[PDB]
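The chain below stands alone, shown as structure tokens; this is the form deposited in one PDB entry.
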């Protein structure tokens, strides 16, 4: 038997009229290409750039009746990647590429197997820098959906139709983690069917779900800002007449609330709208600011001038024992309404 590298040059040569610029079943039914991807790497999810890079194996399967053979004995051939330009291949591309390239190290990472009845299996290795828009209106408590869609560039719906295969359309590698997200093990597979002023093009997409982990922002940002609000409240139990003690506890509590918020903006993303962590640090700044405005009333009622001196110091102690109950209670109402409206979403 003749070797398979020369049997393909007889099957696709100057004879038999095979042209790699003409789709199979030309002027007939469309070409049904079935696809599945295999994700090797995933991550570096940027929020300044709003993209994420991924490393996949793209497998494509179509039927080419011009490549059916019956003389050669073996059930499958394998075309070398140097001779790849002599095959009609689909013009799949990604609608949100934002940059992508092949892998060409030690061999072009390509693969092409032509079966006996003409089924063609074409697997390649691609690095993508896919773009997904992100909605950071509740930043530590958010789920980010990042799609991945696969259009056709030059053939319309009456010529070429993409499908996912019905047996494992998207697999993900096992030991694959992320620094700031987790990847849920459920994928949404649907169509999009892009229209233009050119024609109905085909496309298929796959959605992913990214639940952001929580435990860093509690230990570093929520719990330390929580304790500073508690330290604002020990002024109501410190003596009234200890005037350097109350205002030294006042501003130095709103200075460590300023340092806690300023030093943590370097770790946060730089979007220009208000988050959920931004309204925590703002309202917790308002409880520390309100503690010194309480003492500014106490240091003025009690200093105000026996009948009337007994009256005014009774009023400044009344405004103190009320606020021992009111400021933990009002802060507990905010601490309910905050976590309810951001866990329910």
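Residue numbers count along the first chain shown, from 1. The term rigid core refers to the most C-alpha atoms you can superpose between the two forms while keeping them within 1.5 Å.
One more form of this protein should be noted, the form deposited in another entry, which is absent from this view; the next part is about it.
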Answer among 154, 263, 99, 168 for the CA shift between this form and the one not shown that reaches 2 Å or more, rigid core superposed: 263
Examine residue 312 after superposing the rigid core and state whether its CA is displaced by 2 Å or more between this form and the one not shown. yes
Taking the rigid core as reference, does the Cα of residue 234 move 2 Å or more between this form and the one not shown? yes
Cα displacement of residue 274 between this form and the one not shown reaching 2 Å, rigid core superposed: yes
